[PDB]
Amino acid sequence: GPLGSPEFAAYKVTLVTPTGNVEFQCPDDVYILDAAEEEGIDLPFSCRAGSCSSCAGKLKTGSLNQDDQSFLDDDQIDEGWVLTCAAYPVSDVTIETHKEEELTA
Ligand code: FES
């Protein structure tokens, strides 16, 4: 049977930062953090490899692929936690950024 998904897409990312919102378009094959930086948004990061808490966020709406991350356990992923350096949007998304301090490990 046929495939439904587009080869390419642009997804609107809304970041809810601690004090404001900023928005930009993100290609389907660009990580949230990278697309934000391309727009000059200064988001926290360190390893950029999915294995730490620096870039943590929380997904409020939409859907993300986070198969490339490793530090968050499956339950944390199910509970909405995001490593923005290793997440791809598969829809328009709203993500709260700067959420490192809310994690445990
Ligand atoms: S910066 Fe370490 S997991 Fe994203």
Side-chain angles (χ1 to χ4, degrees):
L3 310 174
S5 287
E7 192 171 336
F8 310 101
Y11 294 120
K12 176 176 190 207
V13 176
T14 301
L15 302 182
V16 179
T17 73
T19 67
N21 283 13
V22 64
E23 302 187 323
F24 48 89
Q25 300 298 348
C26 184
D28 62 276
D29 67 330
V30 176
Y31 292 132
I32 297 297
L33 172 63
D34 291 315
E37 286 161 341
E38 178 56 36
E39 300 290 15
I41 304 157
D42 178 26
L43 292 183
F45 71 95
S46 65
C47 74
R48 200 177 297 258
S51 54
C52 87
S53 56
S54 290
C55 69
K58 281 255 298 223
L59 180 69
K60 300 327 289 184
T61 197
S63 175
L64 292 163
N65 180 298
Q66 293 195 77
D67 298 337
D68 298 355
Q69 82 83 43
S70 56
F71 165 80
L72 295 174
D73 68 26
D74 279 1
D75 282 351
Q76 288 172 305
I77 294 288
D78 278 324
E79 295 153 2
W81 301 103
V82 177
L83 298 187
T84 57
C85 75
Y88 295 110
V90 309
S91 67
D92 292 354
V93 293
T94 300
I95 302 164
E96 291 174 342
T97 63
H98 301 77
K99 302 302 253 173
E100 176 173 52
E101 283 296 272
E102 277 71 74
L103 280 176
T104 189

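The first residue in the sequence is number 1, and the count goes up from there. Read the numbers this way: they start at 1 and go in the same order the structure lists the ligands and their atoms.
- Legend: residues meeting side chain to side chain contact (heavy atoms under 4.5 Å, CB included) with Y11, ordered by chain and number and at least two apart, are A9, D28, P89, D92.
- Counting only heavy atoms from C-beta outward, the side chains of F71 and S53 approach each other to under 4.5 Å.
- Legend: residues meeting side chain to side chain donor-acceptor pair (under 3.5 Å) with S70, ordered by chain and number and at least two apart, are absent.
- Atom 2 (Fe) of ligand 1 has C47 SG, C52 SG as protein N, O or S atoms under 2.8 Å away.
- Put simply, CG on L59 and CH2 on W81 are 11.5 Å apart, with the number rounded to the nearest 0.5 Å.
- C47 and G50 get closest at one heavy-atom pair: SG-N, 3.7 Å.
- Listed by chain and number, the residues in a salt bridge (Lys or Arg N to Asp or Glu O under 4.0 Å) with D68 amount to none (sequence neighbours excluded).
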